[PDB]
Every structure is written in C-alpha cells, then in structure tokens.
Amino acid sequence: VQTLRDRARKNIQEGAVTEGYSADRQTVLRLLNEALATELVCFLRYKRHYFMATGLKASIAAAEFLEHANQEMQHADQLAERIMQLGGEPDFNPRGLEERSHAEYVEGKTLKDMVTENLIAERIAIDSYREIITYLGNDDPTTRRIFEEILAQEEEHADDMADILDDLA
C-alpha cells in the first residue's frame, strides 16, 4: 500500500527510471548514442544521394533515398528522446560523428555506388540492432521496442535498396 508509494518516492527525480529498471542504464545509454550517430550519418548520406541522383531511372531511386533519409531522422529523434528519459545526453556533434557511428558517409560516383553504400549501411544496422535487441532481453521493454521498430524499418530499407541494385549492373 504505502510501500508501493515509498518505492516510487525513493529517488523520484530519476523519473522514468524506477526501482524496477533492471537494465544496465549506462550501457543502454552508450548503445542509444552509437545508434543516434549511425542514424545521423545515414541521414546525411541519403540526403546527398537524393540531390545527386538525377535522370529518369535515377529519379526513382532519389525518391526512395529521400524517404529513407527522413525515416533515419525519425529514428534519430526516437533515440535521442529515450536518451533523455534514461538520464543521458544525446550527442549531435558532427565532429567525430562518423567515428561513433557503425556506418560511413560515402558520396559514391555512380548510382550503383550510391545504392550499394546505402544497402551496406542498412545491413550493418540490421545486425547491430539485432544484437542490441538480444542484449536488452526483457530488462527494458520500452527501449527494446524502439530498436524492434527501427529494425523492422531498416529491413525494409535493405530490401528496397537490394531490389534496386538487382536491376542495375
């Protein structure tokens, strides 16, 4: 009765983080920020390919590139919001961004170059977030669900890029 309340009153400023939070909060925060860097890098890369993919066939890829780009930023916003709830700071610094990220920014010369670099990044993110989802287990459903939702989106991005690549050269 009053013990339910006393548990909640202890360390109240910790907010979303309760007596029941069983995950390794600092390590989760580290992973959230690595993912955030990946999303920002993927956002900048896709935006680049979008502007550069001109032409008839390429304009189709350009549309997918832009759609992907803005989804990446949605993933970034989702992750930063969680970083804040779990007592961290989201790192939007462009300095060293690529070093924190699992993906690279690669301009590419051809369209096949562009698509391949995006496909490579998605497959890196897929396996990375699969590992994080496994690592979280049942200790942090709310964070686990963020990565599960991002994962499902990345799997779509991978298929969308691979579908294009098969038609190229």
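Numbers follow the displayed sequence, beginning with 1.
Student: For the C-alpha atoms alone, is the average B factor greater in 63 to 71 or in 96 to 104, going by the entry?
Tutor: Result of the comparison: 96 to 104.
Student: Of the two stretches 2 to 10 and 159 to 167, which shows the higher Cα B-factor on average in the entry?
Tutor: On average, C-alpha B-factors are higher across 2 to 10.
Student: Report the third (lowest, middle or highest) to which the CA temperature factor of residue 19 belongs, ranking only the modelled residues of the same chain.
Tutor: For residue 19, the deposited C-alpha B-factor lands in the highest third.
Student: Residue 45's Cα B-factor: lowest, middle or highest third of the chain?
Tutor: Answer is lowest: the recorded C-alpha B-factor places it there.
Student: Going by what the PDB entry lists, where does residue 57 fall on CA B-factor within its chain: lowest, middle or highest third?
Tutor: It belongs to the highest third of the chain when residues are ordered by C-alpha B-factor.
Student: Taking the C-alpha B-factors as the PDB entry records them, is residue 144 in the lowest, middle or highest third of its chain?
Tutor: Ranked within chain, residue 144 CA B lands in the middle tercile.
Student: Rank-wise, by C-alpha B-factor, drop residue 33 into the lowest, middle or highest third of its chain.
Tutor: Ranked within chain, residue 33 CA B lands in the lowest tercile.
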